[PDB]
Structure formats: C-alpha cells, structure tokens
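Only one structure is covered here, and it is reproduced in the block below.
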Amino acid sequence: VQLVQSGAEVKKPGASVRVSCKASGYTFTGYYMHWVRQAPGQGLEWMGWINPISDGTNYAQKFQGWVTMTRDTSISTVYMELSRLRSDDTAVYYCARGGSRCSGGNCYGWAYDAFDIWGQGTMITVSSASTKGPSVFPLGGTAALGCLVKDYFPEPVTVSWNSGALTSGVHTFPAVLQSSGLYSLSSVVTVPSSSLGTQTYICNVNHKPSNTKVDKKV
Amino acid sequence: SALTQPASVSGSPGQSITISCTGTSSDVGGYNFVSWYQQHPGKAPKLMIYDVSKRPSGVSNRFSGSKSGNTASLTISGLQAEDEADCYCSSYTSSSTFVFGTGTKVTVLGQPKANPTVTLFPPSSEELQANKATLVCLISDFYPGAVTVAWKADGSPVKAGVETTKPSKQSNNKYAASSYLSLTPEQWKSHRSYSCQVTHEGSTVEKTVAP
Amino acid sequence: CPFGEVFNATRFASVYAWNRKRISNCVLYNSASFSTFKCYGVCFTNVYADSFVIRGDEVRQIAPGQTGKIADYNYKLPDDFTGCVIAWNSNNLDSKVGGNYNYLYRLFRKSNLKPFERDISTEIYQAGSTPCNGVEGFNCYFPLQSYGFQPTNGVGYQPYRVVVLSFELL
C-alpha cells in the first residue's frame, strides 16, 4: 500500500500547475482521496477531496473554485490543479488517503493513514538558471573538501561524491535563496589527511531542469 | 472550523506529556472522531491515533488518548527525544468538511548543549576568471539551533552580500546551516583577511581565510 | 439463440446498471462448467437474461426473499422465482493488478428494491437535515462503492459472473 506524488514544479504568477498523486498496491476507489497544504513554517490546512469513483468534490472555504481536483481510473492516479497562482501559494501540497470504507460494523475506520511524498510548488518570476560548479580545496588528521554549486534555479540539485558508495562523512547543506531568485548549496566531505595526494575526489552535480551534469576534481 | 491546541508543550525525558485538543459542542463534543497526526521536519505526516482512542499498527503503545466533553487528549508516555515533532489533531465536522488543529510543537528537554563546528573556504579562483567570488561558511553540529552569523573584512564588518540560511535539523538531532558572502574579486584581493564569525549561546568561534 | 453474444461477453456491467439482454424469436449443467446452476421452480413466452459482477459469497443474495446488499440495494427478486441461474468465476477476467475499479455495486440507498427495478443514480443520498446539494462530505455521501476486485482473494472475495434467466408468461 503506497502513494507517490509528481515532482516539484515552478510556475510564474498567473499560471496553473498539474499535480498528481499515484496509488500502488491498494484499492484506489474504496477510500477517499484528500489533499492538504503545508506552507513553509505553517500548519496543515485541509483543502479538499475527490471520490475516485467517477467524480465528486468538496473544498474548504478558502480554496474553492481555483483549486480543482480530478482523477483517472486507468493508472490509479489523481490530479490537482491550482488556477490563479500567486506568490504565497508557494507551499508543499500533500495528497491524503483516508475515507469511505463504511459506516457499519464489519468494516470501518477513518483518519488519513497513507500520506505521500511532499510535492513542492514554487511560484516566482525568475527563469531557469543552471548550476555553476566551482570546487573548494582543502586546508593534519582530518580534512574537509567540497563542491560549491552557485546561481541555479530551481530546486533540487543532486550531488553525489564519486557517484557511488564513497560516502564517508558526506554532508550536503541546504541551499539559501539568495536575494536574486537563485539558489546555492554546498557539499562538504570529511576525509583523512593521508588520503590526499593519493585518492581522487570528484563530486557529481546534476541539475535536471536545465539538463546539466557537472563533475570537477578536488 | 476551529479546534484549539496549545502552540507549545515541553516535557522531560522519561516523563509523560498531555496535549489537549479543544473543540466545543460540534465535532469534539458529540462525534467520537478525533484523530492525531505527527510530523518530523522534512518528513510527511504519520498517523498517531485514529478513532479517539485506538492506535494503528507500528505506533508505539507509549502513545494513548481519550475524548470526553469538549477536550480531546493525546498523551505520550515515557518521553523520548525521538518523539520531538509537531503533533496535529484533527476531526471531521457537521459542516461536512475536514479540519486540522492549530498544531503543537513538542520540545523534549535534557539534551547536551553542542557548539558549532565551522569550516571556512576561500573564494574560488575559477570564479575569479568568471568575474565573481564567493566565501563559504559551513556551520554544523550545534544545539540549540540558533546562530547569529556576522562577516568581517580584516576588522570592520561587511553588511552587503552576506546571505545565510535559517538553522535546520540534519539527521542526527543536532542542527546545521550555511552562510555565503557575495564578493567582488577587487575587494577580496585588496583586503588582508575576511572572517566568518558565528554566535551561539555566546560563543566565539571565528574561522578566517586570507588571499 | 444469441448465447455467445450474451454469455461469453468480454465486458459485464456493474450491477448498479444491470444488463437485460432479453432474447426471443428463437445441457448447460451437464459437462460441468459453472459454480451455481440452480433451475429454481423446475416453453416460455417472454424470457429475460441479465448479467452483472458479484463476488463468490453473495450469490446467496440473488434469490426470492433473500436479504443483503446485492439483493437489497442492488437487485432484488420476487417470491415465486421460476427460472435458471448460472453463476461462475471471472477472476482471470475481472481482476487486474493493484485494483479493479471497472466494477461497482450500490451501497447507499434509503430503501431496498421491489422485484426487477433498475436504478443507476449518482445522486447524493440525503443523510441529515444538513443539506447535500451534491456537495458531499459528512451527512452527504456517494451512493455506490466499487468492488475493487483483485486476484488473491480466497474463497470469499473474487468476482463471479451470473446469468439470470427469468421467465414471464403473460
């Protein structure tokens, strides 16, 4: 019994977005399909739900009209549209499963029991910028090398050091939105001092929405 | 459309904590359908308690709760720093809709005060040929997660181009954050040494790098 | 008569909108092929044929004076049931992976049926003085649920097709 949402998407203000929630391994029509919003820092605001059996919506009194929920039977997938996107719609929107088995005795039970994978929505005017990857060299017991990845938009970027099971002390800090609509993270490593000059350290940065793979030597 | 939790609850290791969920005579009164959800930072919600008292499999028996009158309770027994989260309550309504409570942060007291370990990197000379420059300050393994971050330029402070995260939990219960310094190659080379200086509970770790 | 049109028919409807492939103007037990073969009571004038989805427990439902969900709120019979009924499996046909929502059955309805009505509504079953207007939620539901049939279901929970052969003699 498992759910998966679609991936993070960016929209300019005024536009809309398609956001899907996909069921695997349980009866998609017996239980209701709800959806909840968690903006950064705020609590969970219930939005609405959708009966997977052919139609049927109820919304909460702040999302009505401009949020529109629909489903499709073939691939066990449900969809949420956000029309008239403005800046503080930027949030994390969950789909929620918990619902209409019964009101009887044999079968019953409520309360959203299978949530999903936190599908981001980022609303800004700034265009897609790609990663610019300069190294950061080390300074002796320990040592700390890393890759700076600068001036990109949007999230995320996948970093992996030497692209595989080389992950002794790998710490990849979260980016800060710099004051221009761009991002910048950093992936620092902790390596023994004697390994330097003997081992080769090469991060793998991959930014999907600009089609950018980058590798450098440190 | 309003079910009332306290914003903040504070409990000791080993002890039990009470988290009430107020709801007057609409859904918490006559409708035994109060439900509780837990949320760790980064993670999605998780079903703590459904159906007033019952628990779903996998959830520790340490959790428990009842509902009488206009107050619904969720009680954590034998607390753990593992339990530290946001615990929302939830009910469904005569209004046919669905309504979450305001949300309750649990803090679990008694954790070692940890100092930040700071690494500072110099500007990237590849970027100097690209005609930009960045200082990188990495702040790891501190608690409680509060850092004031100030940048200096061989003694006097620099205000413009300093861009810093808000502290964020890593995966080992201590906190972490980054700071960066937008800088122009002419200003970097002209100076002697810039400084990253982090303040946490009144601390003085100040990594410094020079051209 | 058109049996291969009716019987071995690749799609059968959810019971809530039960089919009537009436025939006119025109052995099944022997060489055994089916689960429930009951010729209750026993030339016809007007013969009536029907087919819908049910699981393997509730073939009990479709009978004179018999009580429960696919009798009550889906398809009910009179007390003088003269005819033959052919029920048999369709798990290798009616059971896809991770859900079979192609099927349905009426759950929520105020009353049962009389004999042989069809009723297909998706109108929100009125539950409280709090209105529905089509806006469901609490006090307002969606009348049906799907069978959600699937293959490992044991002796109880697998779809079994049905042939109803009722007769009326004017």
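Simple scheme: letters A, B, ... for chains in structure tokens order, numbers from 1 for residues in each chain, numbers from 1 for ligands in the order shown.
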- [ ] Pick out each residue of segment 11-203 of chain A that DSSP on the backbone tags as strand (DSSP E); I need them as a VMD selection string.
- [x] chain A and resid 11 18 to 24 33 to 38 44 to 50 57 to 59 67 to 72 77 to 82 91 to 97 119 to 123 135 to 136 142 to 143 146 to 152 158 to 161 170 to 173 183 to 189 191 to 192 202 to 203
Resulting file, chosen residues, C-alpha atoms, as a PDB file, in the first residue's frame:
ATOM      1  CA  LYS A  11       5.215  28.493 -12.186  1.00  0.00           C
ATOM      2  CA  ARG A  18      -0.872  19.928 -12.725  1.00  0.00           C
ATOM      3  CA  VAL A  19      -0.012  17.911  -9.581  1.00  0.00           C
ATOM      4  CA  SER A  20      -0.634  14.137  -9.452  1.00  0.00           C
ATOM      5  CA  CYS A  21      -0.883  11.507  -6.695  1.00  0.00           C
ATOM      6  CA  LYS A  22      -0.435   7.856  -7.694  1.00  0.00           C
ATOM      7  CA  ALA A  23      -1.651   4.800  -5.820  1.00  0.00           C
ATOM      8  CA  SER A  24       0.110   1.440  -5.725  1.00  0.00           C
ATOM      9  CA  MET A  33      -8.634  10.953  -1.750  1.00  0.00           C
ATOM     10  CA  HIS A  34      -7.963  14.143   0.230  1.00  0.00           C
ATOM     11  CA  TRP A  35      -5.270  16.828  -0.225  1.00  0.00           C
ATOM     12  CA  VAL A  36      -3.686  19.157   2.392  1.00  0.00           C
ATOM     13  CA  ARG A  37      -1.414  22.221   2.182  1.00  0.00           C
ATOM     14  CA  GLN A  38       1.628  22.935   4.358  1.00  0.00           C
ATOM     15  CA  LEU A  44      -1.537  21.670   7.725  1.00  0.00           C
ATOM     16  CA  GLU A  45      -4.542  23.284   6.041  1.00  0.00           C
ATOM     17  CA  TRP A  46      -7.058  20.787   4.658  1.00  0.00           C
ATOM     18  CA  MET A  47      -8.035  21.731   1.118  1.00  0.00           C
ATOM     19  CA  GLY A  48     -10.493  19.219  -0.307  1.00  0.00           C
ATOM     20  CA  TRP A  49     -11.041  15.685  -1.556  1.00  0.00           C
ATOM     21  CA  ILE A  50     -12.236  13.723  -4.602  1.00  0.00           C
ATOM     22  CA  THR A  57     -15.580  17.292  -4.767  1.00  0.00           C
ATOM     23  CA  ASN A  58     -15.807  19.189  -1.501  1.00  0.00           C
ATOM     24  CA  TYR A  59     -13.488  22.073  -0.672  1.00  0.00           C
ATOM     25  CA  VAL A  67      -8.349  24.527  -6.733  1.00  0.00           C
ATOM     26  CA  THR A  68      -9.774  21.754  -8.932  1.00  0.00           C
ATOM     27  CA  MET A  69      -9.296  18.032  -8.134  1.00  0.00           C
ATOM     28  CA  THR A  70      -9.743  15.178 -10.685  1.00  0.00           C
ATOM     29  CA  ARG A  71      -8.791  11.522 -11.095  1.00  0.00           C
ATOM     30  CA  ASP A  72      -8.263   8.868 -13.764  1.00  0.00           C
ATOM     31  CA  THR A  77      -3.733   8.392 -10.484  1.00  0.00           C
ATOM     32  CA  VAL A  78      -5.414  11.549  -9.141  1.00  0.00           C
ATOM     33  CA  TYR A  79      -4.712  15.148 -10.130  1.00  0.00           C
ATOM     34  CA  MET A  80      -4.872  18.613  -8.548  1.00  0.00           C
ATOM     35  CA  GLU A  81      -4.912  21.923 -10.430  1.00  0.00           C
ATOM     36  CA  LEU A  82      -4.061  25.304  -8.849  1.00  0.00           C
ATOM     37  CA  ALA A  91       3.917  25.537  -0.468  1.00  0.00           C
ATOM     38  CA  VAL A  92       4.105  21.766  -0.043  1.00  0.00           C
ATOM     39  CA  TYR A  93       0.842  20.062  -1.015  1.00  0.00           C
ATOM     40  CA  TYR A  94       0.202  16.522   0.199  1.00  0.00           C
ATOM     41  CA  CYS A  95      -2.378  14.130  -1.144  1.00  0.00           C
ATOM     42  CA  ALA A  96      -4.039  12.193   1.636  1.00  0.00           C
ATOM     43  CA  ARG A  97      -5.686   8.801   1.715  1.00  0.00           C
ATOM     44  CA  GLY A 119       5.342  17.582  -3.696  1.00  0.00           C
ATOM     45  CA  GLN A 120       6.702  21.162  -3.761  1.00  0.00           C
ATOM     46  CA  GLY A 121       5.238  24.090  -5.673  1.00  0.00           C
ATOM     47  CA  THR A 122       7.466  27.172  -6.166  1.00  0.00           C
ATOM     48  CA  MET A 123       5.953  30.361  -7.628  1.00  0.00           C
ATOM     49  CA  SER A 135      35.465  23.430  -6.205  1.00  0.00           C
ATOM     50  CA  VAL A 136      36.508  24.213  -2.629  1.00  0.00           C
ATOM     51  CA  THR A 142      41.043  15.441   9.229  1.00  0.00           C
ATOM     52  CA  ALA A 143      40.361  17.359   6.040  1.00  0.00           C
ATOM     53  CA  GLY A 146      33.738  20.204  -1.168  1.00  0.00           C
ATOM     54  CA  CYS A 147      31.891  21.435  -4.254  1.00  0.00           C
ATOM     55  CA  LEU A 148      30.225  24.833  -4.396  1.00  0.00           C
ATOM     56  CA  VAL A 149      27.253  24.906  -6.744  1.00  0.00           C
ATOM     57  CA  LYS A 150      26.214  28.513  -7.391  1.00  0.00           C
ATOM     58  CA  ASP A 151      23.434  30.567  -9.055  1.00  0.00           C
ATOM     59  CA  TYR A 152      20.906  27.975 -10.143  1.00  0.00           C
ATOM     60  CA  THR A 158      21.504  16.061  -6.885  1.00  0.00           C
ATOM     61  CA  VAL A 159      25.069  15.896  -5.546  1.00  0.00           C
ATOM     62  CA  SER A 160      26.881  12.610  -5.105  1.00  0.00           C
ATOM     63  CA  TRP A 161      30.594  12.291  -4.352  1.00  0.00           C
ATOM     64  CA  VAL A 170      29.221  13.358   3.198  1.00  0.00           C
ATOM     65  CA  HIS A 171      27.272  16.432   4.319  1.00  0.00           C
ATOM     66  CA  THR A 172      25.412  18.421   1.639  1.00  0.00           C
ATOM     67  CA  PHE A 173      23.994  21.582   3.169  1.00  0.00           C
ATOM     68  CA  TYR A 183      19.908  29.230  -5.082  1.00  0.00           C
ATOM     69  CA  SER A 184      23.284  27.912  -3.861  1.00  0.00           C
ATOM     70  CA  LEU A 185      24.104  24.767  -1.864  1.00  0.00           C
ATOM     71  CA  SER A 186      27.440  23.176  -0.847  1.00  0.00           C
ATOM     72  CA  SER A 187      28.534  19.526  -0.482  1.00  0.00           C
ATOM     73  CA  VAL A 188      31.304  19.192   2.117  1.00  0.00           C
ATOM     74  CA  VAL A 189      33.160  15.906   2.783  1.00  0.00           C
ATOM     75  CA  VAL A 191      38.355  12.720   4.537  1.00  0.00           C
ATOM     76  CA  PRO A 192      41.598  11.531   6.197  1.00  0.00           C
ATOM     77  CA  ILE A 202      35.175  14.159  -7.761  1.00  0.00           C
ATOM     78  CA  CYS A 203      31.642  15.348  -6.932  1.00  0.00           C
TER      79      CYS A 203
END
TODO: Write out as a ChimeraX atom specification every residue belonging to chain B that has an atom at most 9 Å from any atom of chain A, counting only C-alpha atoms.
DONE: /B:33-37,42-51,56,86,88,90-91,96-103,119,121-127,134,136,138,161,163-166,168,170,176-180
Export, as a compact mmCIF listing (two decimals), in the first residue's frame, the selected residues with C-alpha atoms.
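again-v8.txt was written with the following content:
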# COMPACT_ATOMS: atom_id res chain seq x y z
CA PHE B 33 -13.82 11.18 15.57
CA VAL B 34 -10.74 12.93 16.85
CA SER B 35 -7.51 11.89 15.16
CA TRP B 36 -3.86 12.79 15.74
CA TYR B 37 -1.00 13.16 13.28
CA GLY B 42 11.19 17.23 6.17
CA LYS B 43 9.01 14.12 6.59
CA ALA B 44 5.32 13.76 5.66
CA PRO B 45 2.65 13.27 8.39
CA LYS B 46 2.20 9.96 10.16
CA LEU B 47 -0.96 8.60 11.77
CA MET B 48 -0.53 8.56 15.53
CA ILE B 49 -4.08 7.90 16.79
CA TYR B 50 -7.34 7.42 14.91
CA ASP B 51 -10.87 6.82 16.28
CA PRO B 56 -2.67 1.85 14.15
CA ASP B 86 4.62 18.74 15.51
CA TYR B 88 -1.67 17.98 14.93
CA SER B 90 -7.97 16.53 13.55
CA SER B 91 -11.70 15.98 13.38
CA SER B 96 -19.21 18.11 6.06
CA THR B 97 -15.62 19.40 5.74
CA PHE B 98 -12.34 18.36 7.41
CA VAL B 99 -10.47 20.47 9.96
CA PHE B 100 -6.97 20.37 11.47
CA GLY B 101 -5.97 21.96 14.75
CA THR B 102 -3.54 24.81 15.06
CA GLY B 103 -0.61 22.49 15.73
CA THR B 119 34.62 25.28 8.19
CA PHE B 121 36.52 28.23 2.38
CA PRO B 122 38.23 30.95 0.31
CA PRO B 123 36.95 32.44 -2.96
CA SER B 124 37.12 30.11 -5.92
CA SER B 125 39.82 31.29 -8.34
CA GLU B 126 37.98 29.65 -11.24
CA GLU B 127 35.20 32.17 -10.46
CA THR B 134 32.05 33.58 -3.01
CA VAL B 136 31.50 29.65 2.02
CA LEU B 138 29.52 25.87 6.89
CA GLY B 161 26.27 40.34 0.01
CA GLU B 163 23.38 35.55 2.63
CA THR B 164 22.65 32.94 5.28
CA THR B 165 20.23 30.09 5.85
CA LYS B 166 17.92 29.69 8.78
CA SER B 168 17.80 23.38 10.02
CA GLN B 170 20.29 17.37 9.97
CA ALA B 176 23.21 22.79 10.73
CA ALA B 177 23.32 25.83 8.45
CA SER B 178 25.39 27.65 5.83
CA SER B 179 26.45 31.22 5.14
CA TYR B 180 27.82 32.75 1.94
- [ ] Find the residues around residue 100 of chain C up to 7 Å (only C-alpha atoms counted), leave out those fewer than 6 positions away in its own chain, and share them as a ChimeraX atom specification.
- [x] /C:148-150
Got time to write the residues from that selection, N, CA, C and O atoms, as a PDB file, in the first residue's frame?
ATOM      1  N   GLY C 148     -13.653  -3.168  -6.426  1.00  0.00           N
ATOM      2  CA  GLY C 148     -12.204  -3.183  -6.223  1.00  0.00           C
ATOM      3  C   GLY C 148     -11.605  -4.569  -6.255  1.00  0.00           C
ATOM      4  O   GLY C 148     -10.721  -4.881  -5.447  1.00  0.00           O
ATOM      5  N   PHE C 149     -12.122  -5.434  -7.131  1.00  0.00           N
ATOM      6  CA  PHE C 149     -11.781  -6.848  -7.101  1.00  0.00           C
ATOM      7  C   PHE C 149     -10.339  -7.053  -7.492  1.00  0.00           C
ATOM      8  O   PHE C 149      -9.757  -6.236  -8.184  1.00  0.00           O
ATOM      9  N   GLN C 150      -9.762  -8.159  -7.035  1.00  0.00           N
ATOM     10  CA  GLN C 150      -8.343  -8.420  -7.224  1.00  0.00           C
ATOM     11  C   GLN C 150      -8.101  -9.926  -7.029  1.00  0.00           C
ATOM     12  O   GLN C 150      -8.925 -10.612  -6.418  1.00  0.00           O
TER      13      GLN C 150
END
Closest atom pairs, residues of chain A within 10 Å of chain C, only C-alpha atoms, as a tab-separated table:
residue	atom	partner	partner_atom	distance
A:1	CA	C:98	CA	9.1
A:23	CA	C:98	CA	8.4
A:24	CA	C:98	CA	6.2
A:25	CA	C:98	CA	4.8
A:26	CA	C:98	CA	5.8
A:27	CA	C:99	CA	5.1
A:28	CA	C:99	CA	6.6
A:29	CA	C:146	CA	6.3
A:30	CA	C:145	CA	6.4
A:31	CA	C:145	CA	9.4
A:48	CA	C:137	CA	9.7
A:49	CA	C:137	CA	8.8
A:50	CA	C:136	CA	9.9
A:51	CA	C:142	CA	7.8
A:52	CA	C:101	CA	9.1
A:53	CA	C:146	CA	7.1
A:54	CA	C:122	CA	9.4
A:55	CA	C:142	CA	9.4
A:56	CA	C:136	CA	7.4
A:57	CA	C:135	CA	6.8
A:58	CA	C:135	CA	5.9
A:59	CA	C:135	CA	9.0
A:73	CA	C:101	CA	7.1
A:74	CA	C:101	CA	8.9
A:75	CA	C:98	CA	9.6
A:76	CA	C:99	CA	8.0
A:99	CA	C:137	CA	10.0
A:100	CA	C:141	CA	8.6
A:101	CA	C:145	CA	8.4
A:102	CA	C:107	CA	9.3
Could you save the residues just selected, with N, CA, C and O atoms, as a short mmCIF file (atom, residue, chain, number, x, y, z; two decimals), in the first residue's frame?
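New file result-v9.cif:
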data_model
loop_
_atom_site.label_atom_id
_atom_site.label_comp_id
_atom_site.auth_asym_id
_atom_site.auth_seq_id
_atom_site.Cartn_x
_atom_site.Cartn_y
_atom_site.Cartn_z
N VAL A 1 0.85 -1.20 0.00
CA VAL A 1 0.00 0.00 0.00
C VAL A 1 0.88 1.25 0.00
O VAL A 1 1.50 1.56 1.03
N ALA A 23 -1.48 5.90 -6.74
CA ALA A 23 -1.65 4.80 -5.82
C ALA A 23 -0.98 3.53 -6.34
O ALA A 23 -0.92 3.28 -7.55
N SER A 24 -0.47 2.73 -5.41
CA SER A 24 0.11 1.44 -5.73
C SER A 24 -0.23 0.48 -4.59
O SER A 24 0.07 0.77 -3.43
N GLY A 25 -0.86 -0.63 -4.93
CA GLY A 25 -0.97 -1.73 -4.00
C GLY A 25 -2.14 -1.69 -3.05
O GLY A 25 -2.10 -2.42 -2.05
N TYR A 26 -3.16 -0.88 -3.30
CA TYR A 26 -4.38 -0.97 -2.50
C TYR A 26 -5.52 -0.50 -3.39
O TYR A 26 -5.30 0.25 -4.36
N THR A 27 -6.74 -0.86 -3.00
CA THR A 27 -7.94 -0.50 -3.75
C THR A 27 -8.16 1.02 -3.79
O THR A 27 -8.59 1.62 -2.80
N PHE A 28 -7.90 1.63 -4.95
CA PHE A 28 -7.91 3.09 -5.08
C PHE A 28 -9.29 3.72 -4.91
O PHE A 28 -9.36 4.89 -4.54
N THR A 29 -10.37 2.98 -5.13
CA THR A 29 -11.72 3.56 -5.06
C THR A 29 -12.44 3.43 -3.73
O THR A 29 -13.39 4.19 -3.46
N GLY A 30 -12.07 2.45 -2.89
CA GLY A 30 -12.78 2.29 -1.62
C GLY A 30 -12.58 3.46 -0.69
O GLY A 30 -13.53 3.97 -0.10
N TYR A 31 -11.35 3.96 -0.60
CA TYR A 31 -11.00 5.04 0.31
C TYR A 31 -10.96 6.37 -0.42
O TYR A 31 -10.53 6.44 -1.58
N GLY A 48 -9.35 19.85 0.33
CA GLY A 48 -10.49 19.22 -0.31
C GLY A 48 -10.23 17.74 -0.50
O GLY A 48 -9.20 17.22 -0.08
N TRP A 49 -11.20 17.08 -1.14
CA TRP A 49 -11.04 15.69 -1.56
C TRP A 49 -11.82 15.40 -2.85
O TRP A 49 -12.60 16.23 -3.33
N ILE A 50 -11.68 14.17 -3.33
CA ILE A 50 -12.24 13.72 -4.60
C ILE A 50 -12.61 12.25 -4.49
O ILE A 50 -11.80 11.43 -4.05
N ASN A 51 -13.85 11.90 -4.83
CA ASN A 51 -14.20 10.49 -4.89
C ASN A 51 -13.58 9.88 -6.14
O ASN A 51 -13.85 10.36 -7.25
N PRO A 52 -12.74 8.85 -6.01
CA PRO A 52 -12.19 8.21 -7.22
C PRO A 52 -13.24 7.53 -8.08
O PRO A 52 -13.01 7.37 -9.29
N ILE A 53 -14.40 7.17 -7.52
CA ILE A 53 -15.50 6.62 -8.31
C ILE A 53 -16.21 7.77 -9.01
O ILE A 53 -17.18 8.33 -8.49
N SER A 54 -15.68 8.13 -10.17
CA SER A 54 -16.23 8.95 -11.25
C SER A 54 -16.31 10.47 -11.09
O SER A 54 -16.15 11.15 -12.11
N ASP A 55 -16.44 11.04 -9.88
CA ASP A 55 -16.44 12.50 -9.65
C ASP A 55 -16.68 12.78 -8.18
O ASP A 55 -16.92 11.85 -7.42
N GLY A 56 -16.74 14.05 -7.81
CA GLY A 56 -17.30 14.41 -6.52
C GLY A 56 -16.32 15.14 -5.64
O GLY A 56 -15.36 14.53 -5.15
N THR A 57 -16.54 16.43 -5.44
CA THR A 57 -15.58 17.29 -4.77
C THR A 57 -16.25 18.03 -3.62
O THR A 57 -17.44 18.39 -3.69
N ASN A 58 -15.49 18.23 -2.55
CA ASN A 58 -15.81 19.19 -1.50
C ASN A 58 -14.54 19.93 -1.13
O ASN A 58 -13.49 19.31 -0.98
N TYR A 59 -14.63 21.24 -0.99
CA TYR A 59 -13.49 22.07 -0.67
C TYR A 59 -13.72 22.79 0.66
O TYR A 59 -14.83 22.82 1.19
N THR A 73 -8.92 6.53 -13.85
CA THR A 73 -9.01 5.17 -13.32
C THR A 73 -7.89 4.27 -13.84
O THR A 73 -7.50 3.32 -13.15
N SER A 74 -7.38 4.56 -15.05
CA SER A 74 -6.56 3.60 -15.78
C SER A 74 -5.24 3.31 -15.07
O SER A 74 -4.82 2.15 -14.98
N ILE A 75 -4.59 4.33 -14.56
CA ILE A 75 -3.26 4.18 -13.97
C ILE A 75 -3.28 4.47 -12.47
O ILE A 75 -2.22 4.67 -11.88
N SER A 76 -4.47 4.48 -11.86
CA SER A 76 -4.67 4.72 -10.42
C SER A 76 -4.07 6.05 -9.97
O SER A 76 -3.34 6.13 -8.99
N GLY A 99 -10.69 7.41 4.26
CA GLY A 99 -12.01 7.65 3.74
C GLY A 99 -12.99 6.51 3.78
O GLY A 99 -12.97 5.69 4.70
N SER A 100 -13.84 6.45 2.74
CA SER A 100 -15.18 5.86 2.81
C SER A 100 -15.17 4.36 2.58
O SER A 100 -15.69 3.86 1.58
N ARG A 101 -14.65 3.63 3.56
CA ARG A 101 -14.92 2.20 3.55
C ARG A 101 -16.38 1.95 3.94
O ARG A 101 -17.19 1.53 3.10
N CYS A 102 -16.75 2.27 5.18
CA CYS A 102 -18.10 2.00 5.64
C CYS A 102 -18.47 2.92 6.81
O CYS A 102 -17.65 3.67 7.34
#
Task: Nearest to residue 8 of chain A by atom-to-atom distance, counting only C-alpha atoms, from A:169, A:66, A:208, A:106 - done: A:208
Task: Separation of atom CA of residue 155 of chain B from atom CA of residue 191 of chain B, in Å and rounded to one decimal - done: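 So the two atoms, atom CA of residue 155 of chain B and atom CA of residue 191 of chain B, lie 10.3 Å apart.
In this structure, atom CA of residue 140 of chain C sits 18.2 Å away from atom CA of residue 64 of chain A.
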Task: Those in segment 63-208 of chain B with alpha helix (DSSP H) from DSSP, as a ChimeraX atom specification - done: /B:125-128,185-190
Open item on the list: Using Å and a single decimal, report how far atom CA of residue 38 of chain B sits from atom CA of residue 7 of chain A.
Closed with: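 Computing the Euclidean distance for atom CA of residue 7 of chain A and atom CA of residue 38 of chain B yields 23.3 Å.
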